[PDB]
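Below is one structure, written out as structure tokens; comments come after it.
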Amino acid sequence: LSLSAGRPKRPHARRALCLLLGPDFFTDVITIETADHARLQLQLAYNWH
Amino acid sequence: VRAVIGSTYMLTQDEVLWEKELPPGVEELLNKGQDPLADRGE
Ligand SMILES: NC(=O)c1ccc[n+]([C@@H]2O[C@H](COP(=O)([O-])OP(=O)(O)OC[C@H]3O[C@@H](n4cnc5c(N)ncnc54)[C@H](O)[C@@H]3O)[C@@H](O)[C@H]2O)c1
């Protein structure tokens with residue numbers, strides 16, 4: 001499995017062999033912009049299983 | 001010419017080995033790119 005990793009979540013950054021399907025999380029950095037044109041970046045955290 | 005696949009084989013009388021050539025670039029796809037689900041990145 002060729003997966004994604006890193007701080008802005010680049011692709012092809014962590015090759016692995018088994019699939020972990022547990023309640024982990026991964027964190028991403030999202031740059032967005034509002035209706036007032038305020039550019040601002042986020043840090044989120046994603047509980048998945 | 002045919003393909004004999006499976007068990008071990010001794011060439012009988014009047015049989016020789018044939019060479020299968022491939023179009024250019026196809027050998028580069030066979031040896032380099034092993035698993036296109038794996039290394040499809042490049
Ligand atoms: N329940 C929890 O809160 C919990 C449980 C286990 C681990 N964690 C840790 O939280 C950290 C969050 O950091 P991050 O996500 O910013 O780092 P990251 O973005 O580098 O992590 C990438 C994510 O991919 C997942 N992953 C990696 N190899 C895997 C495989 N073979 N199969 C399935 N999933 C795979 C990891 O769980 C990780 O969350 C992880 O490094 C993880 O070890 C949290």
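Order determines the names: the first chain of the structure tokens is A, the second B, and so forth; residues in each chain are numbered 1 upward, and ligands are numbered 1 upward as they are shown.
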
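Contact shell of residue 45 (chain A) at 9 Å (only C-alpha atoms; same-chain neighbours under 2 positions omitted): residues 25, 26, 27, 28, 43 and 47 of chain A.
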
key: Test item: residues lying within 10 Å of ligand 1 with only C-alpha atoms and all ligand atoms, as a VMD selection string   = chain A and resid 1 to 10 13 to 29 43 to 49

Restricting the output to C-alpha atoms, write the selected residues as a compact mmCIF listing (two decimals), in the first residue's frame.
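Once written, selection-v4.txt looks like this:
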# COMPACT_ATOMS: atom_id res chain seq x y z
CA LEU A 1 0.00 0.00 0.00
CA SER A 2 1.35 3.38 -1.09
CA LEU A 3 -0.18 5.83 1.38
CA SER A 4 -0.13 9.56 2.14
CA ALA A 5 1.65 11.23 5.04
CA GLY A 6 3.39 14.45 6.03
CA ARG A 7 2.27 17.71 7.55
CA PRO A 8 0.33 19.08 4.51
CA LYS A 9 -0.52 15.43 3.65
CA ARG A 10 1.53 14.90 0.51
CA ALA A 13 4.99 9.36 1.52
CA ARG A 14 4.61 6.10 3.46
CA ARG A 15 4.72 2.69 1.80
CA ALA A 16 3.36 -0.06 4.01
CA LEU A 17 2.53 -3.73 3.84
CA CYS A 18 -0.34 -4.40 6.21
CA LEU A 19 -3.50 -2.37 6.68
CA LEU A 20 -4.23 -1.11 10.18
CA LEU A 21 -7.94 -0.69 10.68
CA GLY A 22 -8.09 0.66 14.16
CA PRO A 23 -9.47 3.81 15.74
CA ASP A 24 -6.53 6.02 14.83
CA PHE A 25 -6.46 9.62 13.68
CA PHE A 26 -4.57 11.67 11.14
CA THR A 27 -4.11 15.42 11.12
CA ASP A 28 -4.14 17.77 8.14
CA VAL A 29 -3.45 21.47 7.50
CA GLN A 43 -5.22 22.24 11.79
CA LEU A 44 -7.77 19.44 11.96
CA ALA A 45 -7.83 15.93 13.42
CA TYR A 46 -9.81 13.05 11.96
CA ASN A 47 -10.92 10.08 14.08
CA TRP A 48 -11.41 7.18 11.67
CA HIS A 49 -11.82 3.43 11.68

Within 12 Å of chain A, which residues of chain B come that close, and what is the closest atom pair and distance in Å for each? Count only C-alpha atoms and give it as JSON lines.
{"residue": "B:35", "atom": "CA", "partner": "A:1", "partner_atom": "CA", "distance": 10.6}
{"residue": "B:36", "atom": "CA", "partner": "A:2", "partner_atom": "CA", "distance": 10.6}
{"residue": "B:37", "atom": "CA", "partner": "A:1", "partner_atom": "CA", "distance": 7.8}
{"residue": "B:38", "atom": "CA", "partner": "A:2", "partner_atom": "CA", "distance": 5.9}
{"residue": "B:39", "atom": "CA", "partner": "A:2", "partner_atom": "CA", "distance": 7.7}
{"residue": "B:40", "atom": "CA", "partner": "A:2", "partner_atom": "CA", "distance": 9.0}
{"residue": "B:41", "atom": "CA", "partner": "A:12", "partner_atom": "CA", "distance": 6.8}
{"residue": "B:42", "atom": "CA", "partner": "A:12", "partner_atom": "CA", "distance": 9.8}

File dump, residues just selected, N, CA and C atoms, as a PDB file, in the first residue's frame:
ATOM      1  N   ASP B  35       4.679  -3.486  -9.968  1.00  0.00           N
ATOM      2  CA  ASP B  35       3.317  -3.436  -9.442  1.00  0.00           C
ATOM      3  C   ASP B  35       2.763  -2.037  -9.653  1.00  0.00           C
ATOM      4  N   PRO B  36       1.971  -1.808 -10.704  1.00  0.00           N
ATOM      5  CA  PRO B  36       1.394  -0.468 -10.929  1.00  0.00           C
ATOM      6  C   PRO B  36       0.411   0.004  -9.867  1.00  0.00           C
ATOM      7  N   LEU B  37      -0.061  -0.859  -8.968  1.00  0.00           N
ATOM      8  CA  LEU B  37      -0.712  -0.327  -7.777  1.00  0.00           C
ATOM      9  C   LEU B  37       0.303   0.197  -6.773  1.00  0.00           C
ATOM     10  N   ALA B  38       1.491  -0.386  -6.766  1.00  0.00           N
ATOM     11  CA  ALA B  38       2.516   0.046  -5.844  1.00  0.00           C
ATOM     12  C   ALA B  38       3.139   1.308  -6.395  1.00  0.00           C
ATOM     13  N   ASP B  39       4.094   1.118  -7.301  1.00  0.00           N
ATOM     14  CA  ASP B  39       4.826   2.221  -7.909  1.00  0.00           C
ATOM     15  C   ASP B  39       4.151   2.881  -9.107  1.00  0.00           C
ATOM     16  N   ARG B  40       2.936   3.376  -8.914  1.00  0.00           N
ATOM     17  CA  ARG B  40       2.221   4.056  -9.987  1.00  0.00           C
ATOM     18  C   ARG B  40       2.472   5.551  -9.860  1.00  0.00           C
ATOM     19  N   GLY B  41       3.115   5.938  -8.766  1.00  0.00           N
ATOM     20  CA  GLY B  41       3.390   7.331  -8.480  1.00  0.00           C
ATOM     21  C   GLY B  41       4.205   8.007  -9.555  1.00  0.00           C
ATOM     22  N   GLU B  42       5.181   7.288 -10.098  1.00  0.00           N
ATOM     23  CA  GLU B  42       6.027   7.834 -11.152  1.00  0.00           C
ATOM     24  C   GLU B  42       5.866   7.046 -12.447  1.00  0.00           C
TER      25      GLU B  42
END

message = Which residues are near residue 42 (chain A)? Cut-off 8 Å, only C-alpha atoms, ignore same chain within fewer than 5 positions. Put them as a PyMOL selection string.
response = chain A and resi 29-32

Output of the above residues as a tab-separated table (two decimals), in the first residue's frame, restricted to C-alpha atoms:
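Written out: again_5.tsv:
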chain	number	residue	atom	x	y	z
A	29	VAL	CA	-3.45	21.47	7.50
A	30	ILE	CA	-6.11	23.23	5.42
A	31	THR	CA	-5.73	26.75	3.99
A	32	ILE	CA	-9.16	28.27	3.35

Test item: residues at most 10 Å from region 18-20 of chain B, only C-alpha atoms, excluding those fewer than 5 positions along its chain, as a PDB file with C-alpha atoms, in the first residue's frame:
ATOM      1  CA  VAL B   1       6.788 -22.554 -32.907  1.00  0.00           C
ATOM      2  CA  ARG B   2       4.643 -23.023 -29.791  1.00  0.00           C
ATOM      3  CA  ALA B   3       4.870 -22.528 -26.028  1.00  0.00           C
TER       4      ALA B   3
END

ask   = Tell me, which residues of chain A carry DSSP strand (DSSP E), written as a ChimeraX atom specification?
value = /A:2-5,10-15,24-33,39-48

Emit the selected residues as a compact mmCIF listing (two decimals), in the first residue's frame, including N, CA, C and O atoms.
# COMPACT_ATOMS: atom_id res chain seq x y z
N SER A 2 0.71 2.08 -1.02
CA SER A 2 1.35 3.38 -1.09
C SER A 2 0.38 4.40 -0.50
O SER A 2 -0.69 4.63 -1.06
N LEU A 3 0.74 4.98 0.64
CA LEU A 3 -0.18 5.83 1.38
C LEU A 3 0.28 7.29 1.33
O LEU A 3 1.28 7.63 0.69
N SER A 4 -0.45 8.15 2.02
CA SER A 4 -0.13 9.56 2.14
C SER A 4 0.26 9.87 3.57
O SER A 4 -0.24 9.25 4.51
N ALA A 5 1.15 10.84 3.73
CA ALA A 5 1.65 11.23 5.04
C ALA A 5 2.21 12.65 4.93
O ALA A 5 2.09 13.30 3.89
N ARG A 10 1.11 15.19 1.86
CA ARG A 10 1.53 14.90 0.51
C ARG A 10 1.22 13.44 0.17
O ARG A 10 1.08 12.61 1.07
N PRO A 11 1.07 13.10 -1.11
CA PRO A 11 0.87 11.69 -1.47
C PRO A 11 2.20 10.98 -1.66
O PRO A 11 3.24 11.60 -1.86
N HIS A 12 2.12 9.64 -1.62
CA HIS A 12 3.25 8.72 -1.80
C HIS A 12 4.37 9.00 -0.80
O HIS A 12 5.53 9.19 -1.18
N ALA A 13 4.03 9.01 0.48
CA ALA A 13 4.99 9.36 1.52
C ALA A 13 5.21 8.26 2.54
O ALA A 13 6.10 8.40 3.38
N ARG A 14 4.44 7.18 2.50
CA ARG A 14 4.61 6.10 3.46
C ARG A 14 4.12 4.81 2.82
O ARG A 14 2.91 4.56 2.77
N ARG A 15 5.05 4.00 2.33
CA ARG A 15 4.72 2.69 1.80
C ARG A 15 4.62 1.71 2.95
O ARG A 15 5.46 1.70 3.85
N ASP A 24 -7.65 5.10 14.81
CA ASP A 24 -6.53 6.02 14.83
C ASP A 24 -7.03 7.43 14.52
O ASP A 24 -8.24 7.68 14.50
N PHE A 25 -6.11 8.36 14.31
CA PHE A 25 -6.46 9.62 13.68
C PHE A 25 -5.29 10.12 12.86
O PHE A 25 -4.13 9.75 13.09
N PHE A 26 -5.60 10.97 11.88
CA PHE A 26 -4.57 11.67 11.14
C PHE A 26 -4.95 13.13 11.06
O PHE A 26 -6.13 13.49 11.07
N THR A 27 -3.94 13.98 11.00
CA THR A 27 -4.11 15.42 11.12
C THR A 27 -3.62 16.12 9.86
O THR A 27 -2.56 15.78 9.33
N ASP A 28 -4.39 17.10 9.40
CA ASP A 28 -4.14 17.77 8.14
C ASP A 28 -4.18 19.28 8.35
O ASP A 28 -4.77 19.77 9.31
N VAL A 29 -3.53 20.01 7.45
CA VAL A 29 -3.45 21.47 7.50
C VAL A 29 -4.15 22.02 6.26
O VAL A 29 -3.72 21.77 5.13
N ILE A 30 -5.21 22.80 6.48
CA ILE A 30 -6.11 23.23 5.42
C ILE A 30 -6.08 24.75 5.37
O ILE A 30 -6.45 25.41 6.34
N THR A 31 -5.67 25.31 4.23
CA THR A 31 -5.73 26.75 3.99
C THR A 31 -7.03 27.08 3.27
O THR A 31 -7.26 26.61 2.15
N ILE A 32 -7.86 27.90 3.89
CA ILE A 32 -9.16 28.27 3.35
C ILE A 32 -9.26 29.79 3.28
O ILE A 32 -8.36 30.52 3.69
N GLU A 33 -10.39 30.27 2.74
CA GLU A 33 -10.64 31.69 2.60
C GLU A 33 -12.13 31.94 2.70
O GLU A 33 -12.93 31.18 2.14
N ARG A 39 -7.87 34.99 4.24
CA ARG A 39 -7.10 33.76 4.12
C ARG A 39 -6.55 33.36 5.47
O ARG A 39 -5.90 34.16 6.15
N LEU A 40 -6.80 32.11 5.84
CA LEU A 40 -6.45 31.61 7.16
C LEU A 40 -6.34 30.10 7.09
O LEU A 40 -7.09 29.46 6.36
N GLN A 41 -5.39 29.54 7.83
CA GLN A 41 -5.15 28.11 7.75
C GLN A 41 -5.53 27.40 9.03
O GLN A 41 -5.53 27.98 10.12
N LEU A 42 -5.86 26.12 8.89
CA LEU A 42 -6.43 25.31 9.95
C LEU A 42 -5.53 24.13 10.27
O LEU A 42 -4.61 23.79 9.53
N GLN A 43 -5.81 23.51 11.41
CA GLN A 43 -5.22 22.24 11.79
C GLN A 43 -6.35 21.38 12.33
O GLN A 43 -6.97 21.74 13.34
N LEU A 44 -6.63 20.28 11.66
CA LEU A 44 -7.77 19.44 11.96
C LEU A 44 -7.27 18.08 12.40
O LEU A 44 -6.10 17.76 12.26
N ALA A 45 -8.18 17.26 12.93
CA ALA A 45 -7.83 15.93 13.42
C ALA A 45 -9.02 15.01 13.18
O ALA A 45 -10.14 15.37 13.53
N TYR A 46 -8.77 13.85 12.60
CA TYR A 46 -9.81 13.05 11.96
C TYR A 46 -9.86 11.66 12.58
O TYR A 46 -9.09 10.78 12.18
N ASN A 47 -10.77 11.42 13.52
CA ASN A 47 -10.92 10.08 14.08
C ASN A 47 -11.60 9.18 13.07
O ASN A 47 -12.74 9.42 12.68
N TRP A 48 -10.90 8.14 12.64
CA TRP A 48 -11.41 7.18 11.67
C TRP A 48 -11.24 5.75 12.16
O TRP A 48 -10.37 5.46 12.97

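If you look at CA of residue 9 (chain B) and CA of residue 30 (chain B), they are 25.4 Å away from each other.
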
key: Which of chain B DSSP labels alpha helix (DSSP H), written as a ChimeraX atom specification   = /B:26-31

Create the file for the chosen residues now, containing N, CA, C and O atoms and written as an mmCIF file, in the first residue's frame.
data_model
loop_
_atom_site.group_PDB
_atom_site.id
_atom_site.type_symbol
_atom_site.label_atom_id
_atom_site.label_comp_id
_atom_site.auth_asym_id
_atom_site.auth_seq_id
_atom_site.Cartn_x
_atom_site.Cartn_y
_atom_site.Cartn_z
ATOM 1 N N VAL B 26 8.503 -1.984 -24.447
ATOM 2 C CA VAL B 26 7.690 -2.946 -23.711
ATOM 3 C C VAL B 26 8.544 -3.693 -22.691
ATOM 4 O O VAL B 26 8.086 -3.996 -21.582
ATOM 5 N N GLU B 27 9.807 -3.971 -23.035
ATOM 6 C CA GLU B 27 10.728 -4.581 -22.079
ATOM 7 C C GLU B 27 11.017 -3.648 -20.911
ATOM 8 O O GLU B 27 11.170 -4.102 -19.769
ATOM 9 N N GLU B 28 11.095 -2.343 -21.186
ATOM 10 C CA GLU B 28 11.231 -1.351 -20.126
ATOM 11 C C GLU B 28 10.013 -1.351 -19.215
ATOM 12 O O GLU B 28 10.128 -1.078 -18.019
ATOM 13 N N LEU B 29 8.835 -1.654 -19.757
ATOM 14 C CA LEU B 29 7.659 -1.750 -18.905
ATOM 15 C C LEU B 29 7.638 -3.055 -18.128
ATOM 16 O O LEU B 29 7.061 -3.115 -17.039
ATOM 17 N N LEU B 30 8.247 -4.106 -18.669
ATOM 18 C CA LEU B 30 8.221 -5.384 -17.972
ATOM 19 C C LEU B 30 9.210 -5.428 -16.816
ATOM 20 O O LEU B 30 8.868 -5.911 -15.731
ATOM 21 N N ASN B 31 10.432 -4.933 -17.014
ATOM 22 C CA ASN B 31 11.412 -5.081 -15.941
ATOM 23 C C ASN B 31 11.296 -3.996 -14.873
ATOM 24 O O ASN B 31 11.418 -4.291 -13.679
#

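Counting from CA of residue 4 (chain B), the distance to CA of residue 16 (chain B) is 12.3 Å.
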